[PDB]
Amino acid sequence: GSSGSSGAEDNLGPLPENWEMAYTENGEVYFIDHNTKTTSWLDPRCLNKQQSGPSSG
């Protein structure tokens, strides 16, 4: 029953070189992950465990 989302720093740093943040035609901001060639709605820097293996969301 791990407590709610908790465990982030105040200085993550500028996105890596294997990523590209862009907005769709409509205007939806997304993050392009080349390292794995995957697309996400949220930012990786915030996440701890990158998209490893099969991920529903």
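Per the deposited record, the coordinates in this entry were obtained by solution NMR.

Within the structure shown, the criterion is met by 1 salt bridge. A salt bridge links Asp-43 to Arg-45; its shortest N-O distance comes to 3.0 Å.

Our next topic: the pairing of strand β2 (residues 29-33). Where strand β1 (residues 19-23) lies against β2, 5 bridges are found, and the strand directions are antiparallel. When the sheet's bridge partners are listed, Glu-20 is paired in β2 with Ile-32. Where β1 folds back onto β2 in an antiparallel hairpin, the turn is made up of 5 residues, including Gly-27, whose phi is positive at roughly 130°. Relative to strand β3 (residues 38-40), β2 runs antiparallel, the two sharing 3 bridges. Its bridge partner being in β3, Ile-32 is matched across the sheet by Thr-39. In textbook terms, the turn of a hairpin is the stretch between consecutive antiparallel strands, and for β2 and β3 this stretch comprises 4 residues, one of which, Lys-37, has a positive phi near 60°.

Another point: the side chain of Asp-33. Counting through the fold element by element, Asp-33 comes out in strand β2. Comment: no salt bridge for buried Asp-33; closest opposite-charge side chain is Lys-37, at 9.2 Å. Among residues more than four places away in sequence, those in contact with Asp-33 are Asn-18, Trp-19, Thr-38 and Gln-50.

The next subject is the environment of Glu-9. For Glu-9, the position within the fold is in the segment before β1. With 36 residues separating them along the chain, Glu-9 and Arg-45 place their C-alpha atoms 9.9 Å apart.

Attention now moves to the sheet that holds β3. Strand pairing in a sheet is mediated by backbone hydrogen bonds. Such pairs are either parallel or antiparallel. Here we have 3 strands laid out as an open sheet, ordered β1-β2-β3, and antiparallel in their pairing. In the strand order of this sheet, the two ends are held by β1 and β3, each with one partner. Taking each pair of neighbouring strands and ignoring which way they run, the sheet shows an average axis angle of 25°.

About the criteria used
- Residues numbered from 1 in each chain as written, not as in the entry; some residues may be left out.
- Heavy atoms only, no water.
- Salt bridge = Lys/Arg side-chain N within 4 Å of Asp/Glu carboxyl O.
- Pairing = 2+ DSSP bridges.
- Helix = DSSP H or I, 4+ residues; strand = E, 2+ residues; numbered from the N terminus.
- Buried < 20%, exposed > 50% of the residue type's maximum accessible area, 1.4 Å probe, protein only.
- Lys, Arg positive; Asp, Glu negative; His and termini not counted.
- Contact = heavy atoms within 4.5 Å.
- Axes fitted to C-alpha atoms, helices over the stretch in contact; angles between N-to-C directions.

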